K.L.:
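Have a look at this one.
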Amino acid sequence: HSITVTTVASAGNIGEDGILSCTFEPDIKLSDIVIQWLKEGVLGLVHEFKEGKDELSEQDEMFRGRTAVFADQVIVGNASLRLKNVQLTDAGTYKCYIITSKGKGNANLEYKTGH
Ligand SMILES: *[C@@H]1O[C@H](CO)[C@@H](O[C@@H]2O[C@H](CO)[C@@H](O[C@@H]3O[C@H](CO[C@H]4O[C@H](CO)[C@@H](O)[C@H](O)[C@@H]4O)[C@@H](O)[C@H](O[C@H]4O[C@H](CO)[C@@H](O)[C@H](O)[C@@H]4O)[C@@H]3O)[C@H](O)[C@H]2NC(C)=O)[C@H](O)[C@H]1NC(C)=O
């Protein structure tokens with residue numbers, strides 16, 4: 001917890017695109033930033049962004065083709081995740097995990113889904 005990472009309440013509707021909100025203590029160079037999103041009990045990653053691009057070789061099957069970050073906003077500390085066509089199976093506890101040149105941090109988020 002050497003850097004600040006914060007989530008805020010995030011909730012979507014089933015069948016519609018959603019957002020999982022995460023912010024962090026912003027770093028100066030994009031190359032120093034790593035974002036990882038995890039979901040409780042899930043073997044693969046939800047999403048990873050490293051060296052200015054997505055790195056999804058270890059992404060869990062439940063999220064293949066369904067996730068994006070805001071690559072233009074990572075430099076200002078915006079680690080929010082876009083989730084395509086939210087499903088009831090997406091509900092649960094997520095973790096936003098951040099590395100910068102100044103250290104690391106993480107915060108959890110409870111994502112809610114409903115009709
Ligand atoms: C990081 O940078 C981005 C880009 O500028 C900002 O993006 C906006 O984020 C807000 C939420 O903070 C978005 O509004 C939310 O949209 C959700 C649906 O999102 C998907 O679909 C739309 C297209 O229809 C896309 O624009 C979006 O990128 C996703 O693909 C809704 O589910 C949200 O509603 C929920 O939260 C609100 C409170 O925020 C509740 O009141 C609702 O009841 C519900 O629970 C919400 O409406 C907005 O569309 C995004 N804009 C753009 C241009 O993409 C982020 O804000 C920023 N995040 C940081 C800094 O933390």
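Start at 1 and go down the list; that is how both ligands and their atoms are numbered. For the single chain, residues carry numbers from 1 onward in sequence order.
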K.L.:
Quick check on atom 61 (O) of ligand 1 - does any protein heavy atom sit closer than 4.0 Å to it?
P.N.:
yes
K.L.:
Check whether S10 reaches the backbone of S21 with its side chain - one donor and one acceptor, N or O, closer than 3.5 Å.
P.N.:
yes
K.L.:
Among all protein heavy atoms, pick out the one at the shortest distance from atom 10 (C) of ligand 1; state its residue, atom name and that distance to 0.1 Å.
P.N.:
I19 CG1, 4.9 Å
K.L.:
So, for atom 49 (O) of ligand 1, does the protein have a heavy atom nearer than 4.0 Å?
P.N.:
no
K.L.:
Short list, please: which atoms of ligand 1 are under 4.0 Å from a heavy atom of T23?
P.N.:
61 (O)
K.L.:
Tell me if a side-chain donor or acceptor on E58 pairs with a main-chain N or O of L45 at a distance below 3.5 Å.
P.N.:
no
K.L.:
Does a donor on one side chain sit under 3.5 Å from an acceptor on the other, for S101 and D27?
P.N.:
yes
K.L.:
Take atom CG of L30 as the centre, draw a 6.0 Å sphere, and report whether it contains more than 12 heavy atoms from other residues, nucleotides or ligands.
P.N.:
yes
K.L.:
Quick check against the 3.5 Å criterion: does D54 have a side-chain atom that pairs as donor or acceptor with the backbone of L56?
P.N.:
no
K.L.:
Who's closest to atom 2 (O) of ligand 1 heavy-atom-wise, of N78, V74, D72?
P.N.:
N78
K.L.:
Are any non-hydrogen protein atoms located under 4.0 Å from atom 22 (C) of ligand 1?
P.N.:
no
K.L.:
Could you identify the single nearest non-hydrogen protein atom to atom 12 (O) of ligand 1 and state the distance to 0.1 Å?
P.N.:
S21 OG, 4.6 Å
K.L.:
Of all the non-hydrogen atoms in the protein, which one sits nearest to atom 32 (O) of ligand 1, and at what distance?
P.N.:
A11 O, 3.9 Å
K.L.:
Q73 heavy atoms, cut-off 4.0 Å: which ligand 1 atoms fall inside?
P.N.:
2 (O)
K.L.:
Return the closest protein heavy atom for atom 31 (C) of ligand 1 as residue, atom name and distance.
P.N.:
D17 O, 4.8 Å
K.L.:
Yes or no, since that's all I need: does a protein heavy atom fall within a distance strictly under 4.0 Å of atom 45 (O) of ligand 1?
P.N.:
yes
K.L.:
For salt bridge (charged side-chain N to carboxylate O under 4.0 Å, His left out), just list the numbers for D90 and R66, CA-CA rounded to whole Å, side-chain angles, deciding distance to a tenth of an Å, and then say yes or no.
P.N.:
CA-CA 11 Å; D90 293 319; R66 302 182 62 233; 2.8 Å; yes
K.L.:
What atoms in ligand 1 come closer than 4.0 Å to a heavy atom of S80?
P.N.:
58 (N), 59 (C), 61 (O)
K.L.:
Using modelled atom types only, decide if a donor and an acceptor are shared between the side chain of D60 and the backbone of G44 within a distance under 3.5 Å.
P.N.:
yes
K.L.:
Any protein heavy-atom neighbour for atom 38 (C) of ligand 1 (distance below 4.0 angstrom)?
P.N.:
no
K.L.:
Please determine, by modelled atom types, if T113 and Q87 share a side-chain donor-acceptor pair under 3.5 angstrom.
P.N.:
no
K.L.:
For the pair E25 (side chain) and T4 (backbone), establish whether a donor and an acceptor sit closer than 3.5 Å, ignoring hydrogens and angles.
P.N.:
yes
K.L.:
Give the residue, atom name and distance (to 0.1 Å) of the protein heavy atom nearest atom 8 (C) of ligand 1.
P.N.:
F70 CZ, 4.9 Å
K.L.:
Keeping the roles fixed (side chain from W37, backbone from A79), state whether a donor-acceptor pair exists under 3.5 Å.
P.N.:
yes
K.L.:
Measure from atom 56 (O) of ligand 1 to the protein's non-hydrogen atoms and state whether any distance is below 4.0 Å.
P.N.:
no
K.L.:
Charged N to carboxylate O under 4.0 angstrom, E51 versus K53?
P.N.:
no
K.L.:
For atom 28 (O) of ligand 1, which protein heavy atom lies nearest, and how many Å away is it?
P.N.:
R82 NE, 3.3 Å
K.L.:
For atom 35 (C) of ligand 1, is some protein heavy-atom partner under 4.0 Å away?
P.N.:
yes
